[PDB]
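Q: Sending over a structure as structure tokens; questions will come in a sec.
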Amino acid sequence: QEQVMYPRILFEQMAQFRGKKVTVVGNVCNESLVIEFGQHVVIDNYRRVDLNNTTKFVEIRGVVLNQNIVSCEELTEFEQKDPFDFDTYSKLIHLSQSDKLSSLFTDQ
Amino acid sequence: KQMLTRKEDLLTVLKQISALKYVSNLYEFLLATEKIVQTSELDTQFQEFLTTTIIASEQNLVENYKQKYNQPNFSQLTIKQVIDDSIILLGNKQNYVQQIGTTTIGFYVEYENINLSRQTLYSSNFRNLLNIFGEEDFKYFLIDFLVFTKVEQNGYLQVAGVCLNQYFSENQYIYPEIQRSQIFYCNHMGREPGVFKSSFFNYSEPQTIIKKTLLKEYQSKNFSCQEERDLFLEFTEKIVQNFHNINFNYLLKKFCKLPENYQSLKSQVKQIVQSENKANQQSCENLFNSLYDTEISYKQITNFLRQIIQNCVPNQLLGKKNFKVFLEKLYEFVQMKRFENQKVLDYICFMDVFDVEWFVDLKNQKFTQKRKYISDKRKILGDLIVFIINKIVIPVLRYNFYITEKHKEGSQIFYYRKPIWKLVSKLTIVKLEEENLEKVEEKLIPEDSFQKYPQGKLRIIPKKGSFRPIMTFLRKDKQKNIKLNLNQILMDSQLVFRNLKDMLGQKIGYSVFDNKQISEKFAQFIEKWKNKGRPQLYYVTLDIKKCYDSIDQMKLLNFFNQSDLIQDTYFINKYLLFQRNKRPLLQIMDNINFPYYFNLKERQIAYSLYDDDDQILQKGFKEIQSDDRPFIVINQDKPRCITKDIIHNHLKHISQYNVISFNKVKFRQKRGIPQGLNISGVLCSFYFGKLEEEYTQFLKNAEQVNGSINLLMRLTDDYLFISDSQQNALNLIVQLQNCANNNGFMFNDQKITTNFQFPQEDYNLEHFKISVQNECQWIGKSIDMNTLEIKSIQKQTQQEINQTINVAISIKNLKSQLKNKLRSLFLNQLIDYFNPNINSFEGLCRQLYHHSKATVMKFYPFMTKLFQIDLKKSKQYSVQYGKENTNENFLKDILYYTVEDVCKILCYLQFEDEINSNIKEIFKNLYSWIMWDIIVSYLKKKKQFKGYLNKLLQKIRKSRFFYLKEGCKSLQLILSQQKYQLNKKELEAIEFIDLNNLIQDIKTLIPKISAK
Amino acid sequence: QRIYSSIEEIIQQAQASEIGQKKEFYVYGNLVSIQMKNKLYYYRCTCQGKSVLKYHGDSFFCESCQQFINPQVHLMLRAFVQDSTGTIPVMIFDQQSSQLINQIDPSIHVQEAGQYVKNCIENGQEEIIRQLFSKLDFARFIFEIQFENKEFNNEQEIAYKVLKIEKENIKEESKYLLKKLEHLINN
Amino acid sequence: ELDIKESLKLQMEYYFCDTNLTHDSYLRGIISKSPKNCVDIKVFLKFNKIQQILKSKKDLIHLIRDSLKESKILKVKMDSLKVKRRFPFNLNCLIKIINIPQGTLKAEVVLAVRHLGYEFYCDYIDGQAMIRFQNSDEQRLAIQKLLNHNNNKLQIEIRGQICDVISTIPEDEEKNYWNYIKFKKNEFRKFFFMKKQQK
Amino acid sequence: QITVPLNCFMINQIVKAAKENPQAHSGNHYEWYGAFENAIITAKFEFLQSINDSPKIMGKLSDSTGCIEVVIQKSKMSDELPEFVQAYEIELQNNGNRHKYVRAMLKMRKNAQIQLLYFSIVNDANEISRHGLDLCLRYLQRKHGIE
Amino acid sequence: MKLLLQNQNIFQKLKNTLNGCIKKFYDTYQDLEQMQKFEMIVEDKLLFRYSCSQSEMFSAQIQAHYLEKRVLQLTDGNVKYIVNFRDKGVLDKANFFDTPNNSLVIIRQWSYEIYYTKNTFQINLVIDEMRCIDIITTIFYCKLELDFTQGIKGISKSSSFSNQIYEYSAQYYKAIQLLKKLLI
DNA sequence: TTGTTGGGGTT
RNA sequence: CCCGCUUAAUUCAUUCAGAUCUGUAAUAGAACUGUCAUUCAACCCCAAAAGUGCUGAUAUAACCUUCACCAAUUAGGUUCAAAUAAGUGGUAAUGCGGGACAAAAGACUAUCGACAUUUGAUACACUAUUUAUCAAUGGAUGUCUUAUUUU
Ligand SMILES: [Zn+2]
């Protein structure tokens, strides 16, 4: 119906974009919601405790503010009993940024 | 009552099933479900296919497929993809028509075999139905329903839904079975008689070895405690010791001994084997007869068996009285015919369980629940009986005798001693090695044939003057990895030759292969005969001698490679066919399944890739029905390819290197095809059809050059020729002898069993022996040249007939087996030649009279086998028939109902459907009365049947007589109204009814029939 | 450590080999569409009993051991293994089939599988077996598959049998695809 | 002998008429119990006056048959060994069981006792089951497994429950029981007295 | 004849380019470096409250690069729901409308809405990564396949 | 479905119809009026079209078609034939079910054809009739092919892998040699 | 390491 | 008819294969050892699921009648019951002993909750089983007397 595009980026891209709607996916932090990427963390808009019990993970689609602050428009969680990898995810992100694969993820 | 019809429409037969709730043609299913409206326009082909299609459904679902007007029925998906989706919806269910030759993987169907019903599924008519339904209704109509489509005149072809192959389908102790048929055909013989050197009586020889060799009886699961087992092992050791003290020499010498002149016969045979020149003829014949008239009789061998058991088995192993009942039953165990067998219940039901001594009971269960103890000790008496029989009686009768049946006597048994059979073996290996066969070594056979085809085997059956051989091929070599015997290899070629055989009646000679074609030829000839004016007739009969061994490879293979009635590439299809049996339509209780109306048959066929105008490519089957009663077909996915090259290789092999074994000596035939191959019966007729057709051009035209009606029929051997012009038959005999002179065969015993008289010197046939008769006796026939009517020849003495009825009865489901048994014996021959065109009315009555008289005598042993089993001590029949005099009433029941069935069958086999129902009623009652009169007058003098049953049978016969009288009395008043216009056959039947005065008494008719 | 491969490579290396070779690979495919139209079991003895003598009334006796045995029911099914490339028709033997039926329904034991299927097919309860099979569709696994190029009835044929069936680990599937695509861009 | 033949014919005609064979009826029971009223020839061989007139078996058989072949009431044909007249001529130890599951039917406890192997009589009512025997030695015969030294408990298993039984009844109850028995016996006596007199 | 794992953005682009360039051979197969009809994809399946559709049960699949409209089926003899949606309803309803990504195989046909065949619930992030790589790899496995 | 096609032994039909073709040809054109033969020999024109007999109707499975260059593929077990056809009218005649691919058809009448190419002749094959008898979708891996549109180069490929195809290549070579010997 | 009854005719 | 008891004598013969021995003229004779194999022929054709119009007529019919077994031939009665008969053909028999309750009965205060049935129900069984318990029911079982070995 209407195309709400929300790409995947890294954490340095969080500051490189300087304002954009993107998707960031990582793990929650234990202590007004704050989540860890990778180390380093980042704050959000959703309530720290509103999220459910069994989940240990997070993905959000929304606009990114300057740095360490991102707006959350949509939020999804799930119960991952395995240590989530990051190196291969980083590889997928980078090769998505590449030129030979650019026509796959986004248009233009 | 509910007689049978000769024309139906499958709509009725599907409406009258139980498990179905909805059946109709697709046109009404659409009008009801409102997918179409009456005043629509569709071309006549599509509308006709809508009209004659049939659909069935277990539950009325006219509501589920109601047209909701929410979504338009505009299609873009191909029919292949919609049907893909249908099989996809079927998921894992594993039996449907559209799911034949197709396997699913994930969400993709995959076709991998040939289903020749698709060409109706992916048709254009089904494309139109998809356009009409829309996919979302199609892909469910192809599951919820059963779709048949008329593809032949009446025979529907199922294309979608469930296959009817799935409407045609706590544990207990099943007593063992005594291996009787192991005693029959042995040929071993040792120096000192006894029992085989591998049997455990001679195994390397205390109880240790008995345990080592009785691993299957000692540690069976019937013996409760160890004590029972060990006492039984003790009894087995005692059995063995008591058996090893027997002078088999003397023991045989006393009761059943070699003849007084045996040395003379041994000398004669040794002389006839030594001599190098071709020996005498009558000496060998008399030698055969003097050898075959030295066979032991049942009584002597029975005394032998009793005397050999009385001193080999301790007494208390069976008990004082059970042992005696055993030894008394052993006789009937001996004198039984070839294809019978005796059941352990026969021995048990007349024994006492406590009478034995060595029992022991763990929990003392004897008195509280005596019935459990009785059962759980019958399950040991049975095993002991079977052990005794199958480990003494059978090996003795195997080693020490030879057991067979003669050639012409029938199915009886016959016990010859062993050396007499070794003699006849030597004498026949001599008399045989000169006519056709010849000894052969192994290397005279190539290695490809050695490693591809199976070997043979030969059995000898005594005949009156000489022997008779019979070849068996059932073996398949364990090594070299062959899994098929010879006929399993030649089945495909035999199918090709069947498709060819369907054409030899008019193409390349003079042959027949069944009773249908014979009856057809008779109808045509009798039509010509009543046309010209029924003059005097003459006949002639003759038959080739040893046809299957007079034919040479050369002309056979040459005719085969140079005939165009065998196309080059043939495909083979397998399917299932469903026909209508004789049950009448049950006019409408709550359980009426398909098997109550339909017979299943699993047929194959071989079609040609050409555009033969029978189009086996579009239907998938080729069937011949005798009348318009519906039938169903469903195909299968198991096709194969065959080519004349491989058939040629097969014929070359079976006609060149046909190697058969005998007595561990390998033989090889010299010229001819082996008798006993499924292909041979057609090859022989084909080959001799070539010759007889090339020699008989004078037949095709003699009806128009001079006008003489004349037929010539010919089975595999027995010719037969009927004519009006003597000269034709004479010239025929001359031409056939000429063909025999030129091509190299000769006729058997010169028995030209003609009807006339002629000087046999004017034609160089003087050596022929004319045998003048007045009733042409072809293969079991009595063709009467005064009315040219047919019937059969029946044996006429109770022993003659007794020797060809093998009774095998079990208390399980009597009312079924016996029923069909008797029914079969009424239709086994009468159904064929009861056609009303051949015979007149009185001829029909005569045939019925004689065949009923024969079938009563054929059945009677079954009745006397029944009356020897008590039907009081069984609930299954006593609950329904009563508790006293149950036997006679049960018998009266099955007799009456089988007579009603056979009466209906005859009543429709005589008439069409258009005749009045009072005529059918009269003749119904008349056939029933004749059969019951025969059964009464034969049964009114027996012993067990004289007191009670005769009253019931007399009442039944009087009832049938009065019913006949009522019908034939009412019919005249019925016709008094003029309310029916009498056709020809009806007027003829009415004259048959009035002339013989069926009103008052049947007396006028029995003189007209009873004379043979 | 191992070296994995997809389906099409196996189909190639098997449809292009000489008769008699047997070799195994490892795939990250998935099982599907367990066949049911053929017979679902066969009989065996403990000591590799060649043939258990067939009786009716449910009696049995062996000759490869010379004792009276309770015959054993080994069940062998037919299914399909897929990946993102292609399809392989595979056979499945007693231990692996028992492992499957255990993984779908833990009620049945390692030795109760054949018993359960025999009892359900004889009693007249197949719907439970049918749905039990149907709930196995598209179950992702990790396969070690053996192929052998034999010949039967004097005509050439090719068959694939299953050897190992484990549960998967995405963390390794992703690394596998990563090295594959990196090598691919590297040329 | 021919004279012996006439003598035998006369003697058999005298001893075959039922006029004498009714008031005497010594062999009449045998003749009626015969297969078809046709007794054998040896049936006369058990007599006395035939042996003194005799002075092998088949020889005398054929002799008697010849002597009878001339008769008028008898019959002899087909060398039948039997001969018949062609005229009809018609005319202190007992115990008690307790603790039983209330509601136990009869057959269960009957067989739970019958497992012992010897007969008995039991009378059950709600709990109390009086069991008695017929031989005095039965007590010490069955004691080693009714007084089950395995459990040292007088235990009977019925329908899934153990009930107790006694080893010896007090003899006052035993006397009441013997009076009960003789009472039932006189009951039967008077029952059948009245039934003999009710008509 | 073969499945191709690709994302919703690629689906939209292919359907756009095909429905806007109708000068292709009239094979119902789409064309992305070859003929294909089935696809695999992981995305956020959520229902869509449509207007009284008894035959069909429409849905929707949002993902990181687009949003399409999938369509489901239902047994006609009895409008119950199959296993693959019964389980999702159960779990989503229990955990309180907390949606999870799904891995779905779906069958796309032109001139009609995109059917869906099956899906399973994912409970591990690495899945996405895997799927990502898969597409990338399979991309080349057709590009160099045409050259 | 391998055996049903394999046991056709198509090579027999091909050998026999080629023998018939060569026999009929160098039996009908023995005038040897060298001027008339020079007038006949023109480049890329049909010289002789031998329609096969009636008994040689082999049936096989289509694996791939191309319509503008008139190329049809056929296969049976281990051998895959590359042939031609008359025109799209043919496919319109053989009533296919869904798609020209993956269908198993019989062949009512095909024919050999003789063409002249650069410096030599050419033996072409043309299928004139077909009828689809069934569908089957199986991935057959025929190890060896043969092309009836690329001269001796079309057949001599893979000749060292089958006695049957070796002897067929031998017959084809002998046929072209006898052709160029007669007419040149 | 997988792939059940017995008639009638003819030889 | 039923029941108990009872049935002997060196070989009538010794294929096929092997190894010996004696003599041998191409033969003969003597002693010995080893020993069923997957045991079922095929073709054509025909049938093959779980209910009487319970049954009034034609004495010119139906039954009944005879000393082993059964079956095919002769004579006499008989009208819904029963009567004694005569030939012929095929299967079957060693001898020894045993065969007065015989019924209209009465008496038995003989026996009897452990009698004895006959109906029911409940149990264990069933492919043609000879039972147990309870209930109701009343008679049941042995003797004497109308009784004398030419039995
Ligand atoms: Zn074993």
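FYI, nothing fancy with the structure tokens labels: chains A, B, ... in order, residues from 1 per chain, ligands from 1 as they appear.
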Restrict the distance test to only C-alpha atoms, flag each residue of chain D within 8 Å of chain B, and return the flagged residues as a PyMOL selection string.
A: chain D and resi 111+114-115+117
Q: Store the residues picked out above in a file with C-alpha atoms, as a compact mmCIF listing (two decimals), in the first residue's frame.
A:
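For reference, part01.txt as written:
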```txt
# COMPACT_ATOMS: atom_id res chain seq x y z
CA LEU D 111 -13.85 -70.28 43.57
CA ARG D 114 -12.36 -74.05 45.43
CA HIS D 115 -8.73 -73.25 44.59
CA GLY D 117 -8.89 -78.52 45.46
```
Q: List all protein, DNA and RNA residues that have any atom at most 7 Å from ligand 1, counting only C-alpha atoms (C1' of nucleotides) and all ligand atoms, and write the list as a list in words.
A: residues 45, 46, 47, 48, 49, 62, 63, 64, 65, 66 and 67 of chain C
Q: Keeping only C-alpha atoms, write the selected residues to a file as a PDB file, in the first residue's frame.
A:
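Here's the written file selection14.pdb:
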```
ATOM      1  CA  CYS C  45      15.991 -60.361  14.135  1.00  0.00           C
ATOM      2  CA  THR C  46      18.593 -59.131  16.615  1.00  0.00           C
ATOM      3  CA  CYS C  47      21.652 -60.978  15.232  1.00  0.00           C
ATOM      4  CA  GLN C  48      21.072 -59.754  11.641  1.00  0.00           C
ATOM      5  CA  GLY C  49      18.358 -62.346  11.074  1.00  0.00           C
ATOM      6  CA  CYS C  62      14.108 -67.496  13.312  1.00  0.00           C
ATOM      7  CA  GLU C  63      16.940 -69.502  11.745  1.00  0.00           C
ATOM      8  CA  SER C  64      19.874 -67.052  11.774  1.00  0.00           C
ATOM      9  CA  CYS C  65      19.963 -67.635  15.560  1.00  0.00           C
ATOM     10  CA  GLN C  66      18.159 -70.994  16.131  1.00  0.00           C
ATOM     11  CA  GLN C  67      15.731 -69.755  18.795  1.00  0.00           C
TER      12      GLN C  67
END
```
Q: Could you list, with a cut-off of 7 Å and counting only C-alpha atoms, the residues of chain B near chain C, each shown with its nearest atom pair and the distance in Å rounded to one decimal, rows sorted by chain and ascending number, as a tab-separated table?
A:
```
residue	atom	partner	partner_atom	distance
B:92	CA	C:134	CA	6.9
B:94	CA	C:37	CA	5.9
B:104	CA	C:33	CA	7.0
B:105	CA	C:33	CA	5.7
B:106	CA	C:32	CA	6.0
B:171	CA	C:57	CA	6.8
B:172	CA	C:57	CA	6.9
B:173	CA	C:57	CA	6.6
B:174	CA	C:57	CA	6.4
```
Q: Take the residues that were just selected and, keeping N, CA and C atoms, output them as an mmCIF file, in the first residue's frame.
A:
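File written: part_14.cif
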```cif
data_model
loop_
_atom_site.group_PDB
_atom_site.id
_atom_site.type_symbol
_atom_site.label_atom_id
_atom_site.label_comp_id
_atom_site.auth_asym_id
_atom_site.auth_seq_id
_atom_site.Cartn_x
_atom_site.Cartn_y
_atom_site.Cartn_z
ATOM 1 N N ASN B 92 -1.732 -35.480 2.211
ATOM 2 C CA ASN B 92 -1.104 -36.777 2.401
ATOM 3 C C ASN B 92 -2.039 -37.957 2.176
ATOM 4 N N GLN B 94 -3.832 -40.833 0.293
ATOM 5 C CA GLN B 94 -2.979 -41.649 -0.562
ATOM 6 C C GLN B 94 -3.749 -42.542 -1.529
ATOM 7 N N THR B 104 3.778 -35.929 -4.867
ATOM 8 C CA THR B 104 3.919 -34.546 -4.450
ATOM 9 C C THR B 104 5.263 -34.333 -3.767
ATOM 10 N N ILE B 105 5.813 -33.132 -3.933
ATOM 11 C CA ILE B 105 7.012 -32.703 -3.227
ATOM 12 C C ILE B 105 6.798 -31.257 -2.809
ATOM 13 N N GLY B 106 6.817 -31.003 -1.505
ATOM 14 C CA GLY B 106 6.474 -29.688 -1.006
ATOM 15 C C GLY B 106 5.142 -29.216 -1.543
ATOM 16 N N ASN B 171 -6.953 -61.535 18.177
ATOM 17 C CA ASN B 171 -6.507 -62.675 17.393
ATOM 18 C C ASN B 171 -6.647 -63.964 18.193
ATOM 19 N N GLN B 172 -6.801 -65.070 17.467
ATOM 20 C CA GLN B 172 -7.090 -66.362 18.074
ATOM 21 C C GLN B 172 -6.120 -67.426 17.586
ATOM 22 N N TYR B 173 -6.372 -68.683 17.939
ATOM 23 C CA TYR B 173 -5.474 -69.780 17.612
ATOM 24 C C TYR B 173 -6.003 -70.551 16.414
ATOM 25 N N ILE B 174 -5.241 -70.528 15.327
ATOM 26 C CA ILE B 174 -5.572 -71.231 14.096
ATOM 27 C C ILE B 174 -4.772 -72.522 14.101
#
```
Q: Between E:9, E:47, E:139, E:36, which one has atoms that come closest to residue 106 of chain E, using only C-alpha atoms?
A: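 The answer is E:36, which sits nearest to residue 106 of chain E.
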Q: Should the cut-off be 10 Å, what would the residue list for chain F against chain B look like, counting only C-alpha atoms, as an NGL selection string?
A: :F and (1-9 or 54-59 or 95-99 or 102 or 104 or 106-108 or 132-139)
Q: Give the residues of chain B that lie within 10 Å of chain E; count only C-alpha atoms, and format the answer as number ranges by chain.
A: B: 61, 63-65, 68, 70-71, 75-78, 89, 107-108, 136-137, 140, 144
Q: Take the residues just selected and output them with N, CA, C and O atoms as a PDB file, in the first residue's frame.
A:
```
ATOM      1  N   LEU B  61     -24.184 -32.133  -0.619  1.00  0.00           N
ATOM      2  CA  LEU B  61     -23.520 -30.846  -0.467  1.00  0.00           C
ATOM      3  C   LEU B  61     -23.967 -29.853  -1.531  1.00  0.00           C
ATOM      4  O   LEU B  61     -23.149 -29.125  -2.091  1.00  0.00           O
ATOM      5  N   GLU B  63     -25.588 -27.346  -0.782  1.00  0.00           N
ATOM      6  CA  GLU B  63     -25.540 -26.058  -0.100  1.00  0.00           C
ATOM      7  C   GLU B  63     -24.131 -25.474  -0.099  1.00  0.00           C
ATOM      8  O   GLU B  63     -23.954 -24.269  -0.307  1.00  0.00           O
ATOM      9  N   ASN B  64     -23.119 -26.309   0.152  1.00  0.00           N
ATOM     10  CA  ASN B  64     -21.751 -25.807   0.216  1.00  0.00           C
ATOM     11  C   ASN B  64     -21.321 -25.152  -1.087  1.00  0.00           C
ATOM     12  O   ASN B  64     -20.571 -24.171  -1.066  1.00  0.00           O
ATOM     13  N   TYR B  65     -21.778 -25.669  -2.227  1.00  0.00           N
ATOM     14  CA  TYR B  65     -21.390 -25.133  -3.525  1.00  0.00           C
ATOM     15  C   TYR B  65     -22.418 -24.161  -4.084  1.00  0.00           C
ATOM     16  O   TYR B  65     -22.442 -23.929  -5.297  1.00  0.00           O
ATOM     17  N   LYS B  68     -22.247 -18.029  -4.260  1.00  0.00           N
ATOM     18  CA  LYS B  68     -22.192 -16.704  -3.664  1.00  0.00           C
ATOM     19  C   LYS B  68     -21.771 -15.704  -4.733  1.00  0.00           C
ATOM     20  O   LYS B  68     -20.743 -15.884  -5.393  1.00  0.00           O
ATOM     21  N   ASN B  70     -20.445 -12.930  -4.643  1.00  0.00           N
ATOM     22  CA  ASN B  70     -19.481 -11.940  -4.179  1.00  0.00           C
ATOM     23  C   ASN B  70     -18.282 -11.799  -5.111  1.00  0.00           C
ATOM     24  O   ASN B  70     -17.787 -10.684  -5.302  1.00  0.00           O
ATOM     25  N   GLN B  71     -17.803 -12.895  -5.699  1.00  0.00           N
ATOM     26  CA  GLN B  71     -16.589 -12.851  -6.502  1.00  0.00           C
ATOM     27  C   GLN B  71     -16.873 -13.378  -7.904  1.00  0.00           C
ATOM     28  O   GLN B  71     -17.515 -14.433  -8.052  1.00  0.00           O
ATOM     29  N   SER B  75     -11.637 -16.774 -15.018  1.00  0.00           N
ATOM     30  CA  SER B  75     -10.500 -17.664 -14.835  1.00  0.00           C
ATOM     31  C   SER B  75      -9.308 -17.213 -15.665  1.00  0.00           C
ATOM     32  O   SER B  75      -9.466 -16.732 -16.792  1.00  0.00           O
ATOM     33  N   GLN B  76      -8.111 -17.369 -15.094  1.00  0.00           N
ATOM     34  CA  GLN B  76      -6.864 -17.202 -15.827  1.00  0.00           C
ATOM     35  C   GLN B  76      -5.888 -18.348 -15.630  1.00  0.00           C
ATOM     36  O   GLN B  76      -4.922 -18.442 -16.392  1.00  0.00           O
ATOM     37  N   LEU B  77      -6.098 -19.213 -14.640  1.00  0.00           N
ATOM     38  CA  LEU B  77      -5.186 -20.318 -14.387  1.00  0.00           C
ATOM     39  C   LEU B  77      -5.486 -21.489 -15.308  1.00  0.00           C
ATOM     40  O   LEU B  77      -6.647 -21.836 -15.544  1.00  0.00           O
ATOM     41  N   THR B  78      -4.426 -22.107 -15.818  1.00  0.00           N
ATOM     42  CA  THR B  78      -4.571 -23.251 -16.700  1.00  0.00           C
ATOM     43  C   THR B  78      -5.152 -24.431 -15.928  1.00  0.00           C
ATOM     44  O   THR B  78      -5.130 -24.477 -14.696  1.00  0.00           O
ATOM     45  N   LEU B  89      -4.022 -29.847  -2.333  1.00  0.00           N
ATOM     46  CA  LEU B  89      -4.964 -29.840  -1.219  1.00  0.00           C
ATOM     47  C   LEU B  89      -5.105 -31.226  -0.612  1.00  0.00           C
ATOM     48  O   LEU B  89      -5.208 -31.365   0.612  1.00  0.00           O
ATOM     49  N   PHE B 107       5.165 -28.142  -2.320  1.00  0.00           N
ATOM     50  CA  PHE B 107       3.976 -27.607  -2.968  1.00  0.00           C
ATOM     51  C   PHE B 107       4.095 -27.684  -4.485  1.00  0.00           C
ATOM     52  O   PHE B 107       3.788 -26.733  -5.203  1.00  0.00           O
ATOM     53  N   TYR B 108       4.551 -28.829  -4.983  1.00  0.00           N
ATOM     54  CA  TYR B 108       4.726 -29.062  -6.411  1.00  0.00           C
ATOM     55  C   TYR B 108       4.400 -30.514  -6.708  1.00  0.00           C
ATOM     56  O   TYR B 108       5.012 -31.416  -6.135  1.00  0.00           O
ATOM     57  N   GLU B 136     -12.090 -22.077  -7.491  1.00  0.00           N
ATOM     58  CA  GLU B 136     -12.351 -22.324  -6.078  1.00  0.00           C
ATOM     59  C   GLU B 136     -13.462 -23.343  -5.852  1.00  0.00           C
ATOM     60  O   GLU B 136     -13.551 -23.909  -4.757  1.00  0.00           O
ATOM     61  N   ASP B 137     -14.291 -23.607  -6.858  1.00  0.00           N
ATOM     62  CA  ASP B 137     -15.257 -24.691  -6.786  1.00  0.00           C
ATOM     63  C   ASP B 137     -14.765 -25.963  -7.458  1.00  0.00           C
ATOM     64  O   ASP B 137     -15.119 -27.061  -7.017  1.00  0.00           O
ATOM     65  N   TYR B 140     -12.357 -28.351  -5.399  1.00  0.00           N
ATOM     66  CA  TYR B 140     -13.078 -29.071  -4.359  1.00  0.00           C
ATOM     67  C   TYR B 140     -14.103 -30.051  -4.905  1.00  0.00           C
ATOM     68  O   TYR B 140     -14.400 -31.046  -4.242  1.00  0.00           O
ATOM     69  N   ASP B 144     -14.497 -33.753  -3.178  1.00  0.00           N
ATOM     70  CA  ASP B 144     -15.711 -34.129  -2.464  1.00  0.00           C
ATOM     71  C   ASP B 144     -16.559 -35.126  -3.238  1.00  0.00           C
ATOM     72  O   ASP B 144     -17.493 -35.693  -2.667  1.00  0.00           O
TER      73      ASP B 144
END
```
Q: For the atom pair atom CA of residue 965 of chain B and atom CA of residue 1000 of chain B, what is the interatomic distance in Å to one decimal place?
A: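 It comes out at 7.1 Å.
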Q: When you count only C-alpha atoms, which of these residues is closest to residue 385 of chain B: B:550, B:925, B:342, B:411?
A: B:342
Q: Define the interface residues of chain C facing chain A as those within 8 Å, counting only C-alpha atoms, and report them as a CSV table (one decimal) with C-alpha atoms, in the first residue's frame.
A:
```
chain,number,residue,atom,x,y,z
C,171,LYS,CA,25.3,-19.2,13.3
C,174,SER,CA,25.4,-17.8,7.9
C,175,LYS,CA,29.2,-18.2,8.2
C,178,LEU,CA,29.4,-15.8,4.0
```
Q: Mind running chain H against chain D at 10 Å and telling me each contacting residue's nearest atom pair with the distance in Å (one decimal), counting only C-alpha atoms (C1' of nucleotides), chain and number ascending, as a tab-separated table?
A:
```
residue	atom	partner	partner_atom	distance
H:1	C1'	D:35	CA	4.2
H:2	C1'	D:35	CA	9.0
H:67	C1'	D:80	CA	6.3
H:68	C1'	D:80	CA	8.2
H:84	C1'	D:86	CA	8.6
H:95	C1'	D:57	CA	9.2
H:99	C1'	D:30	CA	6.1
H:100	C1'	D:26	CA	4.6
H:101	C1'	D:29	CA	9.6
H:102	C1'	D:29	CA	8.0
H:109	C1'	D:189	CA	8.4
H:112	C1'	D:188	CA	8.9
H:113	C1'	D:184	CA	6.2
H:114	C1'	D:121	CA	7.8
H:122	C1'	D:107	CA	9.0
H:123	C1'	D:107	CA	7.4
H:132	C1'	D:107	CA	7.6
H:133	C1'	D:107	CA	4.9
H:134	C1'	D:106	CA	7.1
H:138	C1'	D:195	CA	8.5
H:139	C1'	D:192	CA	8.1
H:147	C1'	D:24	CA	7.9
H:148	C1'	D:24	CA	7.2
H:149	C1'	D:47	CA	7.9
H:150	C1'	D:49	CA	6.5
H:151	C1'	D:26	CA	6.1
```
Q: Give me the residues near segment 2-11 of chain G as a PyMOL selection string, where near means some atom within 7 Å (using only C-alpha atoms (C1' of nucleotides)) and where sequence neighbours in that chain fewer than 4 positions away do not count.
A: chain B and resi 339+675+716+828-829
